[PDB]
Amino acid sequence: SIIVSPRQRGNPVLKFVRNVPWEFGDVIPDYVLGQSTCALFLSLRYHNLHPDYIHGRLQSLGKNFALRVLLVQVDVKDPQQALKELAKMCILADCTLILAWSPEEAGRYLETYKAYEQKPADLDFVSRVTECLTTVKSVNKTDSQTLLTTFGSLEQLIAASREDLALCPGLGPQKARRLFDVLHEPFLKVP
Amino acid sequence: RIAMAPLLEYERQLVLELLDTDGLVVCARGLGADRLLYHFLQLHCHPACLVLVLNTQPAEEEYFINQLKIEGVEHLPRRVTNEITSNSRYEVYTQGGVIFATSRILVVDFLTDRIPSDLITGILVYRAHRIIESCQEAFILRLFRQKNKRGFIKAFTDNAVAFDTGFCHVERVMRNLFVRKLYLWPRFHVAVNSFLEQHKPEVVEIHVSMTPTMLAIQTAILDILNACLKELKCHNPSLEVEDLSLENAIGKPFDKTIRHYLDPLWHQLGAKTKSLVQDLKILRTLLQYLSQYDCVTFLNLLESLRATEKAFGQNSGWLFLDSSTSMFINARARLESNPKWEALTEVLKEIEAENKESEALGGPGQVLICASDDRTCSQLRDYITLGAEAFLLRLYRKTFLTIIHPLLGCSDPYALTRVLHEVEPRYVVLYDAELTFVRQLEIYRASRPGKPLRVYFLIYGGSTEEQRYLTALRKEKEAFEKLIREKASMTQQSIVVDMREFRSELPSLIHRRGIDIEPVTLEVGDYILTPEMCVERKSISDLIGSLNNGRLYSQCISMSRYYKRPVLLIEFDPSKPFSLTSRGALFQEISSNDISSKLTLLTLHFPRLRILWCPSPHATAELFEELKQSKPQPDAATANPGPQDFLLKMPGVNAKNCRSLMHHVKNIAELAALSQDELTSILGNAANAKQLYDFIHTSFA
DNA sequence: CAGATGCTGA
DNA sequence: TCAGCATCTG
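Those protein sequences? They're chains R and A, same order as listed.
Residues 100 to 222, 230 to 297 in UniProt numbering are what the first sequence spells out, letter by letter.
Residues 9 to 342, 375 to 440, 551 to 640, 680 to 828, 845 to 906 in UniProt numbering are what the second sequence spells out, letter by letter.
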């Protein structure tokens, strides 16, 4: 549901998103990630060639959205002067600096900002899976890391039977059996 | 009385010049370096004067304590380490005397405002050759410049070859030590050569030949090494300066230069390059062990394991299976031995005959042999009491006065010096070592009316040890000649820094820019440039550990509740920058499984968060000063249930959401295998469905 | 043959 | 995250 400004016609970042549909519209920000989340693409080469390009845009943007996320991609072999100026501009203004290294990384950043309107449960996928799977028993950090490095996804773990989980050493077959029994057991009664 | 307080005649002139005016003393590879430190420590070993040690070693501290206890000092020097509480250090620093502290605790104790200052006489700097780089030793010297009068600093060093390095000037190291004058006492001096000329022993050099088979083996090894070097240079013309010819590969500073030139290991990843490097290392260690040890252990203990390693896989490379076959014939036929043992036996028999012929009204001498390592010493001790052929047969059938002491090893040289001083020998055998030669020269010059000691030399024809000893002497002479020519050619701000953040290079460079440092204990944050901003620094390795455990969110939610704009700084590396992206999972996942993915959610949940990036520690030091152009100075005084809980932890759920979802579905597999259309139809909000699809469907890479 | 650290309970 | 207990491993 993202809206891309018509000024970003020849942008390679738009050809990297596949899991999120996009559209066009006469909107002031370049990228609108839902609501109160505006993104702005800017490369280091364009900033070095045209120094009076991001200041005017930041001054004309104003204070309309709640949070402003300004992403920048580094391409200079010596990012010691432009990076400091960008950090100073982001500190003086009200925006968040995001460092990128490739257009695919910028597309990944956009797709991540688009679909993270969830609750603040973060109190890498290994950390997320070891925080979301530790609520049930027979799952610790080591077991979560082993299940991530041996399977790679939750579908292959929930699709396997009890005998297919008793071949990994370091956790025992009883722990896997108890985990499967806790997982496949329903909570609500039949009604 | 092992400790000698008086010095020689050539050493009394320096103490008269160093006591009045402070300066840097550079010895000639240990030309009385410790003898001057021990003399200077006794002059300030009083409870009234407080003298702290900059940096020393635990092996020398016990020896110095034993020497001072033997001398009979009324107050023994103490040692402060990380073995007691912080409050217990207030009584040790106030008692007085020489205190042997560490290089890491001295900075924290000085910056924690708990050291009894305004009464310290000075600090003796030992081994000043390590202050060339921006290490933690410079911060102690920078913080010490706080006394108006009676402030002195004495720096001692004995490594003159360390100064002969490109992109490293002597003036930069001299300006970082607050020393104006500079002293020097090389071997080419007149006062040192005139005193050591009347006391010189009689050294006898004996050239030992080699067997013809060993010469052919060395020639084949050199040919294989040259072929490998040519093959490496043909497939890699970039690192041409590191390997100019085959002579540099035989030298010692070869592996260091190779590791320095081949810095981008992840960029030049190649099987052929790694195989050639391993082959070069194997050819080096084999040529070293062939000349260091016997030939039987070269074939039975070295040539046997390499064949099995090559037959097991591609560890040693397959290019050594159909090449250098003649080396397998000369090693198996060797049977014979090396002429070194024969020369040693001949020297021993000559010494025995000389002692027997001069046994009338004369006491014999205790001849001792010196070994490079413990294995060579054990081999020499077992060969004498058994024999040559007997030992050669025993080693082949196993697997299928006159005191020997090693020289190089983990043992401190003080033990070897005490052993050599315990018994006075008459004929000493050396391994062409410069340190042992200097020690023998000093021993002979210390005792004028002593017995004439004879030092024997063992140098093989065209050996690596002789070339190394010649190159080291040439480098030392060049460094001395360069140092002689370089000598003969001459409103403030405050920043609150955490105590636990003093090991980084940021506080060492902050005080150098000119701004002051007002540190104090705290609980949240690391750097505070203004009372309305708090900065915390995270490296490329600590950020992952802080984001996986969850302490980062707790620290961020506890800082924004009181302060205005809490920001953070991320320190990365420009040489090896982490892409933070999965190559094998970017096509099978919805942009997940990344640290940046969690960082985005963290910076989105907290709108008052700024993400800073710096490629080098020199950039953040300037960024912290640029942000204080008009900001005021901060003050120091203001510083059934199972599946329920399983579904509750899922992203994109809520109380009513879970209550409505559990009433429709029963198992988790049905909703896991189903698409997001039904999930967004039964709920309405597509964001939660997208979050669930991104979480439950992802790939690992 | 025998002791190591995450299951069990909240 | 804090008291008892057993799987596979040294």
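Heads up, the beta-carbon is just placed ideally off N, CA and C, and yes, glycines get one too.
Pairwise C-alpha distance: residue j and residue i
i                      : j               : result
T385 of chain A        : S246 of chain A : 50 angstroms
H197 of chain A        : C35 of chain A  : 12 angstroms
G133 of chain R        : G278 of chain A : 46 angstroms
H207 of chain A        : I634 of chain A : 27 angstroms
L209 of chain R        : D151 of chain R : 25 angstroms
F328 of chain A        : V579 of chain A : 39 angstroms
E694 of chain A        : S142 of chain A : 8 angstroms
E216 of chain R        : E811 of chain A : 37 angstroms
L791 of chain A        : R207 of chain R : 16 angstroms
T241 of chain R        : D126 of chain A : 58 angstroms
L623 of chain A        : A828 of chain A : 57 angstroms
residue 451 of chain A : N378 of chain A : Inspection of chain A shows residue 440 followed directly by residue 551; residue 451 of chain A is thus not represented.
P708 of chain A        : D687 of chain A : 7 angstroms
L432 of chain A        : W381 of chain A : 13 angstroms
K213 of chain R        : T281 of chain A : 45 angstroms
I225 of chain A        : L307 of chain A : 13 angstroms
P848 of chain A        : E237 of chain R : 15 angstroms
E397 of chain A        : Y610 of chain A : 30 angstroms
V870 of chain A        : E883 of chain A : 11 angstroms
Sub-9 angstroms separation of residue i and residue j beta-carbons
i               : j               : result
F171 of chain A : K632 of chain A : yes
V59 of chain A  : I113 of chain A : no
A192 of chain R : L141 of chain R : no
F630 of chain A : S771 of chain A : no
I139 of chain A : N184 of chain A : yes
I784 of chain A : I746 of chain A : no
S683 of chain A : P823 of chain A : yes
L711 of chain A : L816 of chain A : no
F164 of chain A : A41 of chain A  : yes
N246 of chain R : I779 of chain A : no
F48 of chain A  : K162 of chain A : yes
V724 of chain A : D715 of chain A : yes
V588 of chain A : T552 of chain A : no
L260 of chain R : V235 of chain R : yes
C-beta neighbour in chain R for residue i, strict 9 angstroms
i               : result
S747 of chain A : no
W802 of chain A : yes
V858 of chain A : yes
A874 of chain A : yes
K854 of chain A : yes
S785 of chain A : yes
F900 of chain A : yes
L798 of chain A : yes
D705 of chain A : no
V33 of chain A  : no
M335 of chain A : no
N782 of chain A : yes
Closer than 9 angstroms to chain A by CB, residue i
i                      : result
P105 of chain R        : no
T248 of chain R        : no
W121 of chain R        : no
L139 of chain R        : no
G276 of chain R        : no
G206 of chain R        : yes
residue 224 of chain R : Chain R lacks the residues between 222 and 230, and residue 224 of chain R is one of those with no coordinates.
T195 of chain R        : yes
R234 of chain R        : yes
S201 of chain R        : yes
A186 of chain R        : yes
Beta-carbon separation (whole angstroms), residue i vs residue j, contact threshold 8 angstroms
i                      : j               : result
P755 of chain A        : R797 of chain A : 7 angstroms
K787 of chain A        : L736 of chain A : 6 angstroms
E210 of chain A        : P602 of chain A : 6 angstroms
residue 223 of chain R : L143 of chain R : Residue 223 of chain R cannot be placed in this structure, since chain R goes from 222 to 230 without the numbers between.
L190 of chain A        : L233 of chain A : 44 angstroms between Cβ atoms; not a contact.
Cβ-heavy atom distance, residue i to the ligand ZN, below 8 angstroms
i               : result
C143 of chain A : The ligand ZN is not part of this structure, which contains no ligands at all.
Taking only runs that begin and end inside the stretch 142 to 180 of chain R, name each unbroken beta strand (DSSP E) of 3 or more residues, in chain order. 166 to 172
Segments of 3+ residues assigned as beta strand (DSSP E) that fall wholly inside the stretch 142 to 196 of chain A: 160 to 165
May I have a chain-ordered list of the beta strand (DSSP E) segments no shorter than 3 residues that lie completely inside the stretch 44 to 98 of chain A? 58 to 61
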